[PDB]
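Contents: one structure, followed by commentary.
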Amino acid sequence: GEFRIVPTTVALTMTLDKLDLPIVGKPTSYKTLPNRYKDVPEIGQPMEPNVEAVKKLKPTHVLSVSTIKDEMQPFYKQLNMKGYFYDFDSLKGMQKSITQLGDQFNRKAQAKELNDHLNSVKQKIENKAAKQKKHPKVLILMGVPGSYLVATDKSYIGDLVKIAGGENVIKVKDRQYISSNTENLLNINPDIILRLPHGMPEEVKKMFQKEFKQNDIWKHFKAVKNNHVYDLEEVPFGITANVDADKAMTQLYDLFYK
Ligand code: HEM
């Protein structure tokens, strides 16, 4: 009956805190984690947790997300444990994952409460957006160390943009993020460009700064000429959904309509 849970991502760690659940290990991260986990040991960075550190804690459940399912497969092989890859690529996906965690770990009531609140904020933002006469066309960039990608509707930020009343200029939908060259950025006409950082936010922002100066295409974008290029903070605007989606939805709506 006793659970020993290791969340391997920051979003999963924050979700377990909302569900009032103790954990035996936590991800290594520069982000703020819940205070109740201050004394639990770190088991490595979310994209490459330490197999032997995790095994040392004798867990019953080691938890990851769907966004990096394929690349986490070797980890789980060496661990020799069941892969859990909760859907955190949308509001609806994360709501389903919260219910599942409530069911697995005896926190049904806590899960319902969190879900009702997120649902209520989402519906309210959706209702406001629907009353707006105009909707901005949006291009979403996800910058990682070394390069940038383009976020689709299948990604969390794509879902937020949709909820808040934007129209993604990128229409392909079969993966969360695609090469900056996959859809070609000379066929689109965004009112707004969003730039989200990942992994090494400092390296990423300077990378975005150099790109927009150096690559000749950007100066020709009306979003650039009109100063509607926005750098979003990685918290709450992360590479997956998180329980602060209430703040993300509200903030993005307020950015779009101001
Ligand atoms: C060169 C490319 C990349 C590098 C070097 C990198 C590095 C990192 C780092 C340092 C973190 C931990 C951030 C922290 O301290 O909290 C992280 C987390 C994560 N990354 Fe990446 N990343 C890269 C690309 C990607 C891409 C393309 C994806 C998705 C397709 C991805 C998915 C994730 C996920 C799901 C997490 C966990 C988020 C959480 O903790 O809630 N990464 N990565």
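All of this is worked out from the model, or read from it or from the source named; no laboratory instrument gave them. Here the Cβ positions follow ideal geometry from the backbone for every residue, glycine too, while neighbour counts run over all protein chains shown.
Observations on the model:
- Single residue of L16, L33 found to be within 16 Å of the ligand (Cβ to nearest atom), under 14 Å from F88 (Cβ atoms) and of a type outside the set (S, T, Y): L16
- Boolean, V121 is crowded, with 17+ Cβ neighbours inside 10 Å, more than 16 Å from the ligand (Cβ to nearest atom) and assigned to a strand (DSSP E or B): no
- Condition met for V224 (part of a helix (DSSP H, G or I), within 20 Å of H135 (Cα to Cα) and touching a residue at least 24 places away in the same chain (Cβ under 8 Å)): yes
- Among residues of segment 150-169 that are assigned by CATH to the domain that holds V65 and at positive phi, none has a Cβ under 7 angstrom from a residue that is crowded, with 21+ Cβ neighbours inside 10 Å and part of a strand (DSSP E or B) at a sequence gap of 6+ or on a separate chain.
- Listed by first and then second residue, the pairs with beta-carbon distance under 6 Å, at least 6 apart or on different chains, first residue in segment 77-88 and touching a residue at least 12 places away in the same chain (Cβ under 8 Å), second polar (S, T, N, Q), are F85/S64; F85/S66; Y86/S97; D87/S66; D87/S97; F88/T240.
- Residue check, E52 over 17 Å from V235 (Cβ atoms), charged (D, E, K, R) and surrounded by 14 or more Cβ atoms within 10 Å (Cβ to Cβ): no
- Some residue of segment 65-77 being in contact with a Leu (Cβ under 9 Å, 6 or more places away or on another chain), surrounded by fewer than 22 Cβ atoms within 10 Å (Cβ to Cβ) and more than 26 Å from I163 (Cα to Cα): no
- Cβ-Cβ under 8 Å pairs, at least 6 apart or on other chains, segment 1-30 side farther than 16 Å from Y84 by Cα and part of a helix (DSSP H, G or I), far side within 16 Å of the ligand (Cβ to nearest atom) and not aliphatic (A, V, I, L, M): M14/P34; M14/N242; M14/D244; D17/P34; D17/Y37
- Residues in segment 161-176 that are outside any loop (DSSP other than H, G, I, E, B), closer than 17 Å to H228 by Cβ and out of contact with any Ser or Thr (no Cβ under 8 Å at 6 or more places or on another chain): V161, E167.
- Candidates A248, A241: the one that is assigned to a helix (DSSP H, G or I), of a type in the set (A, V, I, L, M) and under 13 Å from the mean Cα position of the chain (by Cα) is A248.
- Some residue of segment 201-221 being in a loop (DSSP other than H, G, I, E, B) and crowded, with 17+ Cβ neighbours inside 10 Å: yes
- Residue that is nearest to the ligand (Cβ to nearest atom) [pool: residues in segment 59-117 that are under 20 Å from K154 (Cα atoms) and part of a strand (DSSP E or B)]: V65
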